[PDB]
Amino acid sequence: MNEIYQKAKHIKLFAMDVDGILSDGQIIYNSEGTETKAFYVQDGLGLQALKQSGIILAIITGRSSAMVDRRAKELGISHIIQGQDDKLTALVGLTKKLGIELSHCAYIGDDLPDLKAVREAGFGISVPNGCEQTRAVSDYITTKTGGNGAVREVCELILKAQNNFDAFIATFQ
């Protein structure tokens, strides 16, 4: 632990990849030209509690979709960078816009495009379903899988390492 917690303690921004992280990775099409994407419910409460404890939420995704716009809005995710292959540059751009540093950003991804941003963020996360190279470069690997609570699990970890986890639990107790 130790190193993980200090990295997580100084986080002001959590920035997410969509496919493989917020969803399990299925790109779903149908015979009328419609697209579908699945998200996990427990991820929703975790993100909410990070917003309310003071952390700014962001999405950086290489694909563009309405489903992502619809989920981000309802979740209180504030910055939505769609159609962006270069994750680092978007993350650096938010850092200058919000007036923080890479060291104050947490980043979670699952594939090669995320690699630099996971490497250069203060706290870089990946998932079991994530590829070999991106996992080698991360400060933490989740126990749960993309679209099955990987985000929630890291939400609770940042909350713990900020001694904010009990405030959150107690509102339901």
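Residue positions are given as counts along the sequence shown, with the first one as 1.
Per the PDB entry, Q133 shows the highest C-alpha temperature factor of the residues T61, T145, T36, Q133. When the modelled residues of the chain are ordered by C-alpha B-factor, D43 sits in the lowest third. When the modelled residues of the chain are ordered by their C-alpha B factor, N163 lands in the highest third. Sort the chain's modelled residues by C-alpha temperature factor and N129 lands in the lowest third, per the entry.
Among the modelled residues of its chain, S138 has a C-alpha B-factor that falls in the middle third, as given in the PDB entry.
The deposited CA B-factor of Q26 belongs to the lowest third of values across its chain.
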